[PDB]
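Single-structure report; data block below.
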Amino acid sequence: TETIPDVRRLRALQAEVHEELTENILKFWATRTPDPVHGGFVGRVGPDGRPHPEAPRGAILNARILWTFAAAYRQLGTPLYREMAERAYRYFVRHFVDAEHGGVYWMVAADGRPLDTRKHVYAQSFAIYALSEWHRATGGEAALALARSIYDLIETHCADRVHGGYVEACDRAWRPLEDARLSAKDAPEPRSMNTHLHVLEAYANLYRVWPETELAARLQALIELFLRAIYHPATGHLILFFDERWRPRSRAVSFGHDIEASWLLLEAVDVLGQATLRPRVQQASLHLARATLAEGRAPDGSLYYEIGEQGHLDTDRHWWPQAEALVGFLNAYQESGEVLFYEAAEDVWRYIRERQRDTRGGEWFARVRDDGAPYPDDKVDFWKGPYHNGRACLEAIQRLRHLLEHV
Ligand SMILES: OC[C@H]1O[C@@H](O[C@H]2[C@H](O)[C@H](O)[C@H](O)O[C@@H]2CO)[C@@H](O)[C@@H](O)[C@@H]1O
Ligand SMILES: [Cl-]
């Protein structure tokens with residue numbers, strides 16, 4: 001009694017996604033961004049496509065490069081992807097990893113000198129996520145050992161064992177800071193959904209390659225925190241910012257984070273094999289996906305950016321909510337069997353192909369305005385790597401493969 005798109009449609013979508021990943025996204029990253037002056041990868045590519053090898057380089061971006069090429073190598077086997085992941089890994093260990101106090105710096109100069117030495121849990125999480133993926137792709141002992149050490153530092157220096165979750169930012173020597181903001185966009189509050197979502201993401205990937213008992217308890221506690229404090233059943237949206245006791249300190253809505261969390265929360269519970277928790281997580285996951293479907297979409301099926309603190313709808317199409325909606329809508333289809341979610345995934349894919357991707361300049365535009373005009377944003381910067389759209393294509397390819405095997 002399944003309602004399944006026919007084989008032609010599944011295979012056609014899968015082929016377009018694979019072409020987008022390999023002939024646009026990963027081709028752009030492998031050819032435009034490696035830096036032969038300082039090694040590793042440039043920190044910025046302008047809207048004109050010009051790389052900036054002297055620009056400061058962020059840990060999050062470089063972890064995202066590592067994760068994406070590692071995951072693409074694991075799933076597709078292409079030797080160039082292993083080469084690019086190795087390039088990212090070597091620069092990362094040399095320069096971003098703090099050999100003295102542990103963890104990864106926030107920002108380094110192009111030549112690798114530390115520029116911003118704060119230890120932000122969001123950056124520590126992406127390091128764990130990328131290093132665990134690199135271990136998964138290669139079996140590398142050093143990568144896994146490093147991920148484990150950063151996990152230990154997060155728990156040692158940041159875990160709030162009274163109220164749950166984590167202090168989100170420390171200085172280089174792991175002393176907590178007051179200002180945990182990732183950027184000027186973020187509320188000056190002590191707890192954020194965003195950082196906690198990527199702790200969960202990192203811990204789930206680490207657990208898949210290192211199923212330690214205590215880590216299972218920390219991962220389950222994070223899932224439980226999302227269900228009890230962050231997910232809002234009255235609205236189907238994540239609450240974005242909190243005080244230390246998880247009292248809400250924001251009313252903004254991030255559609256991209258909702259639909260990302262929808263599928264990441266289920267990935268995390270399944271990595272645990274926590275069948276007792278799964279019903280409640282699936283319920284919250286499907287709710288987030290439905291709320292996104294009903295409230296976060298333009299008539300073309302693309303995702304709006306946010307509802308701000310004063311209620312303003314930001315109708316800009318940022319690249320990464322579209323990617324996350326591709327995965328989250330396919331995931332909601334797989335979980336519920338409701339083909340309306342597949343139709344939604346197809347619609348966002350068509351938007352990606354017709355508006356978000358930059359066919360002339362390569363990769364994807366960071367932002368497209370509601371009237372269709374691409375903004376002249378950087379193509380690569382501190383916050384724009386290959387991870388959201390690379391992962392979304394990899395996930396879609398594998399999910400469509402599974403669906404194709406129902407026949
Ligand atoms: O507010 C911090 C920055 O967010 C960025 O988007 C992130 C997003 O917060 C989240 O972590 C997502 O899962 O990854 C995204 C892509 O970098 C950007 O909006 C940036 O401008 C913000 O400063
Ligand atoms: Cl990214």
Side-chain angles (χ1 to χ4, degrees), residues 21 25-26 28-29 33 41 43-45 57-72 88 106-107 116 118 120-127 129-130 133 168-169 179-189 191-202 204-205 226 230 238 240-241 250 252-265 267 288 292 303-306 308-309 314 316-328 352 356 363-368 375 377-395:
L21 175 68
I25 295 167
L26 297 181
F28 179 94
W29 283 90
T33 70
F41 294 81
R44 186 177 166 256
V45 174
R57 297 178 183 192
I60 293 153
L61 167 62
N62 277 265
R64 284 184 185 181
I65 296 169
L66 209 212
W67 181 89
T68 306
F69 279 117
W106 180 253
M107 182 98 76
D116 189 322
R118 293 162 320 160
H120 201 291
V121 168
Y122 185 108
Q124 312 315 304
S125 297
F126 264 96
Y129 187 58
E133 190 66 20
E168 302 187 343
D179 188 3
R181 291 174 301 165
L182 296 164
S183 71
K185 263 190 286 307
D186 302 296
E189 298 293 338
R191 299 296 182 267
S192 70
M193 170 280 299
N194 199 2
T195 293
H196 280 76
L197 181 60
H198 291 282
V199 180
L200 176 133
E201 168 187 75
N205 218 49
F226 267 85
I230 304 179
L238 305 170
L240 303 188
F241 298 97
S250 59
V253 171
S254 172
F255 306 113
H257 284 108
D258 290 340
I259 195 60
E260 181 177 5
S262 183
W263 73 273
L264 289 185
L265 286 171
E267 289 273 329
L288 288 157
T292 305
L303 261 62
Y304 296 134
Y305 181 53
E306 67 163 10
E309 299 291 342
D314 184 341
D316 282 350
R317 275 68 143 177
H318 291 228
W319 85 103
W320 67 266
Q322 322 308 326
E324 291 304 329
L326 178 66
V327 184
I352 286 163
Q356 200 82 37
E363 239 273 349
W364 296 8
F365 294 117
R367 286 188 301 150
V368 180
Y375 290 89
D377 296 341
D378 288 341
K379 274 296 185 51
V380 173
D381 70 7
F382 192 92
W383 287 111
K384 185 164 183 302
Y387 145 84
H388 279 293
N389 57 355
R391 177 169 74 174
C393 291
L394 289 163
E395 286 282 337

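As the structure lists them, so they are numbered: ligands from 1, and atoms in each ligand from 1. Nothing fancy with the numbering, it's 1 onward along the sequence.
- Cation-pi check for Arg57 over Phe41 is not met; the charged atom does not lie both under 6.0 angstrom from the ring centroid and within 45 degrees of its normal.
- No part of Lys384 comes within 4.0 Å of ligand 1, judged by heavy-atom distances.
- Among all protein heavy atoms, the one lying closest to atom 12 (C) of ligand 1 is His388 NE2, 3.0 Å.
- Contacts with ligand 1 closer than 4.0 Å are made by side-chain heavy atoms of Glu260 only, the backbone lying farther away.
- Aromatic pair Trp320/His257: centroids less than 6.0 angstrom apart.
- On a distance-only criterion, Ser183 and ligand 1 share at least one N/O pair closer than 3.5 Å.
- Taking only nitrogen or oxygen atoms, main chain and side chain alike, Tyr122 reaches within less than 3.5 Å of ligand 1.
- Looking at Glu363 and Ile25, their side chains come closer than 4.5 Å, going by heavy atoms from C-beta outward.
- Ligand 1 has at least one atom lying under 4.0 Å from a heavy atom of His198.
- Protein heavy atom closest to atom 9 (O) of ligand 1, with residue, atom name and distance, is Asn194 ND2, 2.6 Å.
- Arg391 and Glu201 are joined by a salt bridge, as a carboxylate oxygen and a charged side-chain nitrogen come within less than 4.0 angstrom of each other.
- In summary, the side chains of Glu168 and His196 do present a donor paired with an acceptor at a separation below 3.5 Å, with no hydrogens or angles considered.
- Using cut-offs of 30° and 60° for the angle between ring planes, the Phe126 and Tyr122 rings count as tilted.
- Atoms of ligand 1 lying under 4.0 Å from at least one heavy atom of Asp186, given by number and element, are 1 (O), 2 (C).
- For atom 6 (O) of ligand 1, the nearest non-hydrogen atom of the protein is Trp320 NE1, 3.6 Å.
- Taking each heavy atom of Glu309 and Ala252 in turn, the nearest pair found is OE2-CB, 3.3 Å.
- Taking the six-membered ring for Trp and the full ring otherwise, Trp106 and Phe382 have centroids separated by under 6.0 Å.
- Considering backbone and side-chain atoms alike, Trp319 places every N or O at 3.5 Å or more from each N or O of ligand 1.
- Selection from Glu306, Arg64, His257 by nearest heavy atom to atom 10 (C) of ligand 1 gives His257.
- Remark: minimum distance from atom 22 (C) of ligand 1 to any protein heavy atom is reached at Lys185 CE, 3.5 Å.
- Counting heavy atoms only, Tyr305 comes closest to atom 19 (O) of ligand 1 of the residues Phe382, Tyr305, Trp383.
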List the steps, then state whether side-chain contact (heavy atoms from CB on, under 4.5 Å) holds for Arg367 with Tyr305. CA-CA 10 Å; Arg367 286 188 301 150; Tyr305 181 53; over 6 Å; no
